[PDB]
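[1] Pasting an experimental structure with its sequence.
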Amino acid sequence: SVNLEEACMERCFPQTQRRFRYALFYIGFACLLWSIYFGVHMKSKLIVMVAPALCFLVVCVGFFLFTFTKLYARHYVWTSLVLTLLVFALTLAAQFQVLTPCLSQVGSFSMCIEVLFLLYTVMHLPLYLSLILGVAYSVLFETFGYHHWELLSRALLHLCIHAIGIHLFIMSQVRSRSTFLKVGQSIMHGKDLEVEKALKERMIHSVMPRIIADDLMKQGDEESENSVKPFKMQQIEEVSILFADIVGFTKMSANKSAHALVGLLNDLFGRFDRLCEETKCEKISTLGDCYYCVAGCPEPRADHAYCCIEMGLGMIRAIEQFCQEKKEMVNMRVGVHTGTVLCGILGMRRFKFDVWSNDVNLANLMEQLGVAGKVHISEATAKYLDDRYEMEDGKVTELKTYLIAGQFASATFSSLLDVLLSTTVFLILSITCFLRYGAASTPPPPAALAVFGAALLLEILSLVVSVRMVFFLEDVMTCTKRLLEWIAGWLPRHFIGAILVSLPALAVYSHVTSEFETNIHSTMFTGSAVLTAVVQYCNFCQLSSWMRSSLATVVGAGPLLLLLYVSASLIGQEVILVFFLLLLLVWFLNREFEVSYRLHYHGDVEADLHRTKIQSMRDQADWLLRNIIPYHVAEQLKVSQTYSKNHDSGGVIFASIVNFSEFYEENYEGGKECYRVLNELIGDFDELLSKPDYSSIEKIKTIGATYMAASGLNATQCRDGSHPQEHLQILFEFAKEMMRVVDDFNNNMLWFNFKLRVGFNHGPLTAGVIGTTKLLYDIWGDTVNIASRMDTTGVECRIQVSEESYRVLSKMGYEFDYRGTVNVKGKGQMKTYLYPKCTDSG
């Protein structure tokens, strides 16, 4: 991730800067304490040492204040480079003048070590370059110390110090990269999440008015949103139910492109939405040739009739400007009635907040008998119309009828590696201490080999724990580990790992069981041992911080204060002070590192949280879309802006509850108990669509007792084992199905049985989507209004199937009783067929 690993450092500068600075602080105190030794007791016979230390001090403080410089951005890698080169020079220069017998070589060694761990941590050197220059410094240091096996010992000291430092580098920078990538993912998750939220909100307000949508967006009732994974209805009265149905409708819909026609339609509909929003008139929808609105139902309005009729005149202006614009001989009849309407939301598929009354049906009948240019109004309209407009008693030419016309890197991963490393290095520790015996083929002390093997097996058992945990080999028994990990918790793991990391102290002490203080070679050698030992405790940064630190502290401390009284006098003082320094050093280092680990944990949590949140949000939005849109069109707009297509043969069935409005009887608060029961049976019909064979059944929409279905539409590819016109058969299957369903629901309908009439047709039709920044998608064609009047002229318990639909369904196993010949507007007296073969009388 080249430019991305670049961005890492782009943001990951300040931590490196501050760590560098505190390391500088360390170095300063280091040369400080060297000087205070060499000035207090010994080496006061030559002051050529304090001057190098002090010029080191001054160049380090120059680093200190220069770090803040503006020209420090890309000016840091080679900075670390030159600085550590400097430090190396100081070390070896102080180192050479030795091998006289007055002072320990390990002091220089100790420096070399802590130096190189600093070089490790903050310098952020190239993996290979870091390693190689480090090991180079190591080897040149051990060589220049030369002025049969002790040298090999010091060498292994180098090697272990390498291994620890190098792993520390690798884990630190993988921590960096991982945390960087993770926080990036988190913020991108936040952003595309709120994007998803905005999108689903667009979908909400496109399927719910601002009043009710904004009501549900504070989730007053959480059961609504639980269903989204709870309906309130209001008998809002004194509202203006307004309709407008296209005249010249079937005409203008004769020979268009079947797509651009929809386009100009949607254009006019944007005009009409403008009219709604300007007149504060709450539009409802469009049923084929007929657009419709109410006027301020949720926000109750009194001049609702006024803005109603003024928006009507506005739409009149719109249609005139368009028909004179697109050169069309088209208009639309208009019809409005006012009064009471109970409004609410039922249904779980393609459903909506809608409205119900006979005032609705009154405006409906008046509109179908209405004329373009003069809205057909009733008395309830004219009663507070106040006739400030072009009132006209427009009588029906065939009921108070009027007209108006104007005016990687996991937690175990880490423990895996660090355990492995602790093990191997404690083993090379063991090699080192052992090889004290070079000629003594027999080892006198038994504790050495004893606890050697002991710690060895402890390491190997922790090893196999880790390796069969990760690799999942499961030789003996796996449920064992399952019950076993339950005991390894945040603190138990703490103490066990504490033992594991603390052991090398007693490991080297097994050799301390032997007499040493006589042999100062042995003495200083053991000092080298114990310091090279304490170096490691910075390792398991997944473990304790405060307790880990204190542990390393006391374990380094104790035995040396013991040797203080076990006696080569003031060299104890100097070594204990250097231990003090390196103590506070590693203290704050692994402090920083465990802190980085803490923040990694933290950010990990919240990032996965955001992932889950946007997952849920996206999924809920998609669920809502599937409520509101089909799939093929989801693909169409997923790739385009719109879609429309003349589908020349599909079925269409309409179902209307005959005895609804009477057992609707309004003794109650609108009888909305009955409306609860209606949402019950509606959800039952949704279950009906929830059938797999009823996946290809396109339930279009509904208006209270209305129900609209059509198929042969998403049937875009017909396979050989499928007939292109079978969908009518499964549609009629669904018809008899829902008949059975209402029959069963009636048995549970308390002291009542609801009945419905149904009318069917099939043939020509055309799909097209409307809403952009809105959402409306509908089908049209003569088939629509044909089945409309069919169900309109129907009778319950009998299935009025049109002539040609009767024919095409009879050959598919359905037996129809010839109802008769009924007038169809646009078709005149049309031959009709009920399905049930005298299930009723006949």
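    Alright, I've got the coordinates. Residues are numbered from 1 along each chain as shown.

[2] which of the residues in the helix or strand harbouring residue 16 are buried?
    For residue 16, the element it lies in under DSSP states H and E is helix 13-40. Across helix 13-40, burial judged by 16 or more other CB atoms under 10 Å covers 16, 19-21, 23-24, 26-28, 30-31, 33-35, 37-38. For every residue, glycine as well, the C-beta is placed using N, CA and C.

[3] now do stretch 235-243
    235, 236, 238, 239, 240, 241, 242, 243.

[4] between the residues you listed, which is nearest residue 59?
    The closest of these to residue 59 turns out to be residue 236 (CB to CB; 83.9 Å).

[5] Which of the helices or strands spans the closest one?
    strand 234-247.

[6] now swap in residue 341 and tell me
    strand 331-345.

[7] which strands and helices sit next to that strand?
    Packing partners of strand 331-345 (3 or more CB pairs under 8 Å, 6 or more residues apart in numbering; DSSP states H and E): strand 234-247, helix 304-323, strand 353-356, helix 358-368, strand 375-377, helix 379-385, helix 672-689.

[8] Report the inter-axis angle for it versus helix 358-368.
    170 degrees (axes from the mean of the first three to the mean of the last three CA atoms, to 10 degrees).

[9] and strand 331-345, how far out from the chain's middle?
    43 Å (CA atoms, centre = their mean, to the nearest Å).

[10] ok and that strand relative to helix 672-689, angle-wise?
    100 degrees.

[11] Residues contacting stretch 533-544, please?
    Residues outside stretch 533-544 that contact it (CB atoms under 8 Å, 6 or more residues apart in numbering) are 113, 117, 161, 164, 168, 171, 411, 414-415, 418, 421-422, 425, 429, 493-494, 497-498, 501, 504-505, 507-508, 548-549, 551-552, 555-556, 579, 582-583, 586, 589-590, 593-594, 596-597.

[12] Buried ones from those, can you make that a ChimeraX selection?
    To isolate the buried members of the contacts of stretch 533-544 in ChimeraX, using 16+ other CB under 10 Å:
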select :113,117,161,164,168,171,414,415,418,421,422,425,429,493,494,497,498,501,504,505,507,508,548,549,551,552,555,556,579,582,583,586,589,590,593,594,596,597
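
[13] Tell me which of the contacts of stretch 533-544 fall in helices.
    Among the contacts of stretch 533-544, the ones falling in helices (DSSP state H) are 113, 117, 161, 164, 168, 171, 411, 414-415, 418, 421-422, 425, 429, 493-494, 497-498, 501, 504-505, 507-508, 548-549, 551-552, 555-556, 579, 582-583, 586, 589-590, 593-594, 596-597.

[14] tell me, what residue is most central in the protein?
    What sits nearest the mean C-alpha location of the chain, by CA atoms, centre = their mean, is residue 614, with 2.5 Å.

[15] Would you agree it is in contact with residue 191?
    No. In terms of CB atoms under 8 Å, residue 614 does not count as a neighbour of residue 191; the distance is 9.5 Å.

[16] my guess is residue 241 contacts residue 363, does it?
    Yes. The criterion here is CB under 8 Å, and residue 241 meets it with residue 363 at 4.4 Å.

[17] just to revisit the earlier point, compare the helices and strands packed on strand 331-345 and give me the one nearest residue 721.
    Using CB to CB, the nearest of the helices and strands packed on strand 331-345 to residue 721 is helix 672-689, at 23.2 Å.

[18] Return the list of helices and strands in contact with the closest one.
    Packed against helix 672-689 by the contact rule (3+ CB pairs under 8 Å, 6+ apart) you find strand 331-345, strand 697-699, helix 727-748.

[19] Report the buried residues of the first one.
    Read it as strand 331-345. With burial defined by 16+ other CB under 10 Å, the residues of strand 331-345 counted as buried are 331-345.

[20] which stretches of the stretch 1-150 of the chain form strands?
    Counting by DSSP state E, counting those that start in this stretch, the stretch 1-150 of the chain forms no strands at all.

[21] so where do the helices sit in it?
    Assigned by DSSP state H, counting those that start in this stretch, the helices in the stretch 1-150 of the chain fall at 2-11, 13-40, 50-66, 77-96, 105-121, 127-144, 150-205.

[22] packing partners for the fourth one?
    When you say that, I think you mean helix 77-96. On a contact count with 3+ CB pairs under 8 Å, 6+ apart, helix 77-96 meets helix 50-66, helix 105-121, helix 127-144.

[23] how does it look with 10 Å?
    Contacts defined by 3 or more CB pairs under 10 Å, 6 or more residues apart in numbering; DSSP states H and E place helix 77-96 against helix 13-40, helix 50-66, helix 105-121, helix 127-144.

[24] could those be laid out in TSV, adding distance to residue 604?
    Output for these, formatted as TSV (distance: least, CB to CB, whole Å):
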stretch	distance to residue 604
helix 13-40	18
helix 50-66	35
helix 105-121	23
helix 127-144	25
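
[25] so which of those helices gets nearest residue 567?
    helix 105-121 (17.9 Å).

[26] angle of that closest one against helix 127-144?
    Going by the same axes, to 10 degrees, helix 105-121 makes 170 degrees with helix 127-144.

[27] before we move on, the earlier item: now distance to residue 682 too, for the helices and strands packed on helix 672-689, in TSV please.
    Below are the helices and strands packed on helix 672-689 laid out as TSV (distance: least, CB to CB, whole Å):
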stretch	distance to residue 682
strand 331-345	11
strand 697-699	11
helix 727-748	11
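
[28] so which of those gets nearest residue 75?
    Across the helices and strands packed on helix 672-689, residue 75 has its closest neighbour in strand 331-345 (65.0 Å, CB to CB).

[29] returning to what we had before: most packed of the helices and strands packed on strand 331-345?
    Highest mean neighbour count of the helices and strands packed on strand 331-345: strand 375-377, a mean of 31 (counted as mean count of other CB atoms under 10 Å).

[30] Adjacent strands (with direction) for it?
    Strands that pair with strand 375-377, judged by DSSP bridges, come out as strand 331-345 (parallel), strand 402-404 (antiparallel).

[31] any idea how far that strand is from the chain center?
    53 Å.

[32] Stretch 32-48 now?
    How far stretch 32-48 lies from its chain's middle: 64 Å, per CA atoms, centre = their mean.

[33] can you give me the end-to-end distance of that stretch?
    Start-to-end span of stretch 32-48 (CA to CA, to the nearest Å) is 15 Å.

[34] Give me the contact list for it.
    Identification of contacts with stretch 32-48 by CB atoms under 10 Å, 6 or more residues apart in numbering yields 49-50, 52-54, 56-57, 94, 97, 102-103, 107, 111, 570-571, 573-574, 577-578, 580-581.

[35] if we go to 8 Å?
    For stretch 32-48, contacts defined as CB under 8 Å, 6+ apart pick out 49, 50, 53, 54, 57, 102, 103, 570, 574, 577, 578, 581.

[36] Give me the buried subset of these.
    So, by 16+ other CB under 10 Å, the buried ones in these are 49, 50, 53, 57, 103, 574, 578, 581.

[37] and the gap between the closest residue to the third one other than its chain neighbours and residue 108?
    What sits nearest to residue 53 in space, not counting adjacent residues and going by CB to CB, 6 or more residues apart in numbering, is residue 31, at 4.1 Å. If you measure residue 31 against residue 108 using CB to CB, to the nearest Å, the figure is 13 Å.

[38] now residue 388
    Noted for residue 388: a distance of 106 Å to residue 108, by CB to CB.

[39] Just send the strands paired with strand 375-377 back as JSON lines, with distance to residue 211 too.
    Converted to JSON lines, the strands paired with strand 375-377 look like this (distance: least, CB to CB, whole Å):
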{"stretch": "strand 331-345", "distance to residue 211": "10"}
{"stretch": "strand 402-404", "distance to residue 211": "28"}
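
[40] Residue 837: which of those is closest?
    Across the strands paired with strand 375-377, closest to residue 837 is strand 331-345 (CB to CB), at 38.8 Å.
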